[PDB]
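Colleague: Next up is a structure, given as structure tokens.
Just so it is clear, none of the values below were taken in a lab; they were calculated from the coordinates. Don't worry about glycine lacking a Cβ; one is built from the backbone with ideal geometry, like all the others, and counts go over all protein chains shown.
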Amino acid sequence: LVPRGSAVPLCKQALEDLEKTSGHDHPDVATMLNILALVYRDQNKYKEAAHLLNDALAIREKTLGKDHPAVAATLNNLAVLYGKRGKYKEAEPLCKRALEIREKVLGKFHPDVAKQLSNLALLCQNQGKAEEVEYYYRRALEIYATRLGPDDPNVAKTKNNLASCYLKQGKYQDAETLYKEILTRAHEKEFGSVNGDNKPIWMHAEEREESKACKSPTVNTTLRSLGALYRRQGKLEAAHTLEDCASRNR
Amino acid sequence: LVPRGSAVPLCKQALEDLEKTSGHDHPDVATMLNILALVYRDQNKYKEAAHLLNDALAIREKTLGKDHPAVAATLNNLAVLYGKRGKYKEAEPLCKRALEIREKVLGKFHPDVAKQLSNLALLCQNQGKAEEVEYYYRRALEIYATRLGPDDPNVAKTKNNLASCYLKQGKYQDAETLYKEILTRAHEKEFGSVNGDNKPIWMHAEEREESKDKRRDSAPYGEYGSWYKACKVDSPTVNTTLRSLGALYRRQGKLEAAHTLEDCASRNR
């Protein structure tokens, strides 16, 4: 988006000018390093981009101090850049610290914390640290499900995410229950209090195995995923029920 | 990716400093404006970013010439900005102009031209002009199917996009053929020559519709390991193609054939 030619050296002038005018100490030096970091990211120079954010990080820690919101953003951005190079180990602590700042500022249960927890879950997943992924998605789900309505997309999205983590660990039961929660709640979004005369799709699926309700891209995924668990259990007719529901709502 | 405050003033100073030195019509001024455009884009300020990139474009046309590859790069960037605000109407001319240059410099049948053609189609698709979309994708597909191999990803991807365009027009037959090409090629890449004992999945599918076979993937057809053999074809694109074609069978009321491809896709999941 910015042709690789004169941009970097032009910024390096702007920096030397800022250092001479605003003082060597000035907080704005951090912002200039930030613009430099941005230019490097645009040229896909990720290693170079990360190096400069670090320098801006140190300046913001001195000026704006620890626990300052702008330090939290920096730590996230640097964690992202580290992730793009596959350096997940060194990204985790940066991300874990940002979470601690965010908890101090907003409180343990603000929606923006649940964002960090999901970001933090995703990094661990890239390191194969399943037990921690489990932990972080559970923390996030706790916030989403409590703070927001049952119909909120973050709930189902986190539940799917956690389900996959459960699958990785061989916790098939826990995943299956999660999937059923999503479908049951979606069934109850127009078909009332799910009485005997009114069962959710997965019940019909399983009762069909011992021998209409297809009225969202997230639900679709849930349907196909629970379908895969039935396939693992050898309940192929139950699997088709959910699968045919998905492929008809596309 | 950059602190919400004070970034813009700092760039504008860097700009005015260059402006003071070398007028407004210097390539360095253009680049600095582009950096400023990049800053605005980081703050989701597309209106503000596109405004400046226009300014940079004007300088780059005057200084570098109206056919310079940097001019071509800017035109794309500026179009991306317009598309992001949903101003697709004003994006098209710039994208067209970028294509004209690309062809002039690289040659009509360069892979990068096909990429540029693909973007032109997507822009037309945002305007609901199916006949333009059709033409651009066909042009693109032509560059991919020729200059690249038979199982190069862009071929499968471009075919799907063109098939999607056909569907919207009601060209159900033309869509279907494309899917069958994708599956047949995928089948031949895995199994070589088609041997009659080596028919593609969709053939078997339509044969099951013929033979009135409601027995699904609960039992294998003719061959013991048939379901695990026909699933050696594994791609996110193939699966998409499998389902899209299944949807076409459903439109024709061929429910059994639809299931065959859909159940095949379930097993690849």
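Colleague: Kindly provide the helix-only [θ] at 222 nm of the protein assembly as shown, computed as the sum of -39,500 (n - 2.57) over DSSP H runs of four or more divided by all residues, to the nearest 500 deg cm²/dmol?
Modeller: Only helices count here, giving -24500 deg cm²/dmol.
Colleague: What nm value, rounded to one decimal, do you get for the distance between A:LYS45 and B:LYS87 when each label is placed 7 Å out toward the C-beta?
Modeller: 3.1
Colleague: Let me ask something else. Kirkwood-based Rg over Rh for segment B:1-131 (C-alpha set), two decimals?
Modeller: 1.02
Colleague: Considering the options B:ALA186, B:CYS231, B:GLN169, tell which one lies farthest towards the positive end of the dipole of chain B, charges being +1 on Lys and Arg and -1 on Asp and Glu at the Cβ, about the Cα centre.
Modeller: The residue sitting most towards the positive pole is B:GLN169.
Colleague: Which of the trypsin sites (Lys or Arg not before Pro) found in segment A:89-158 are loop residues per DSSP with 14 or fewer other Cβ atoms within 10 Å of their Cβ?
Modeller: For trypsin sites (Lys or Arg not before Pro) across segment A:89-158 that sit outside H, G, I, E and B with at most 14 neighbouring Cβ atoms in 10 Å, the list reads A:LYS89, A:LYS108.
Colleague: Report the convex hull volume per residue for the protein assembly as shown, counting only C-alpha atoms, in Å³.
Modeller: 175
Colleague: In degrees, nearest 10, range 0 to 90: what is the angle between the Cα axis of helix B:255-267 and the longest Cα principal axis of chain B?
Modeller: It is inclined by approximately 60 degrees.
Colleague: What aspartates and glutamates sit close enough to A:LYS84 to cross-link, taking a C-alpha to C-alpha distance under 17 Å and skipping anything fewer than 8 places away on the same chain?
Modeller: A:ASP42, A:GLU48, A:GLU92
Colleague: Follow-up. Mind checking the angle between helix B:153-169 and chain B's longest principal axis? C-alpha axes, 0 to 90 degrees, to the nearest 10.
Modeller: It is inclined by approximately 80 degrees.
Colleague: Compute the whole-percent fraction of alpha carbon pairs in chain B spaced more than 28 Å apart.
Modeller: For chain B, the share of Cα pairs beyond 28 Å comes to 52 percent.
Colleague: List the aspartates and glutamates whose alpha-carbon lies under 15 Å from that of B:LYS47, not counting same-chain residues fewer than 8 positions away?
Modeller: Leaving aside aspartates and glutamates fewer than 8 places away in the same chain, those within reach of B:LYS47 are B:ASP55, B:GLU90.
Colleague: Assigning unit charges at the beta carbon (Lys, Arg +1; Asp, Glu -1) and nothing else, what dipole magnitude in debye, to the nearest 20, does chain A show about its Cα centre?
Modeller: Taking the Cα centre of chain A as origin, the dipole is about 440 debye.
Colleague: Also, I was wondering about something else. Could you list the GluC sites (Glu not before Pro) in segment A:2-92 that lie in coil according to DSSP, counting only those with at most 16 other Cβ atoms within 10 Å of their Cβ?
Modeller: Passing sites in segment A:2-92 are A:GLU90.
Colleague: With unit charges on the beta carbon (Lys/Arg positive, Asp/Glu negative), name the residue among B:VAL8, B:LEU57, B:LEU18 whose Cα is farthest towards the positive pole of the charge dipole of segment B:7-58.
Modeller: Farthest along the dipole direction, towards plus: B:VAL8.
Colleague: By count of other Cβ within 10 Å, fewest leading, how are B:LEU261, A:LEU15, A:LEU52 ordered?
Modeller: A:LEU15, A:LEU52, B:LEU261
Colleague: Just in segment A:1-75: which trypsin sites (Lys or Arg not before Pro) are loop by DSSP and have at most 13 other Cβ atoms within 10 Å?
Modeller: A:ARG4, A:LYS66
Colleague: Sticking with this structure for a sec: State which entries of B:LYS108/B:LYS180; B:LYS66/B:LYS157; A:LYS157/A:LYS189; B:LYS129/B:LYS180; B:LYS159/B:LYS212; A:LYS12/A:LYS45 exceed 23 angstrom in Cα-Cα distance in the structure shown.
Modeller: Pairs exceeding 23 Å: B:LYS108/B:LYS180; B:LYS66/B:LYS157; B:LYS129/B:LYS180; B:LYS159/B:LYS212.
Colleague: So if each residue of separation counts as 0.36 nm, and I subtract the Cα-Cα distance between B:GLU100 and B:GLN13, what length gain in nm does that give?
Modeller: Contour length minus Cα-Cα distance gives 27.7 nm.
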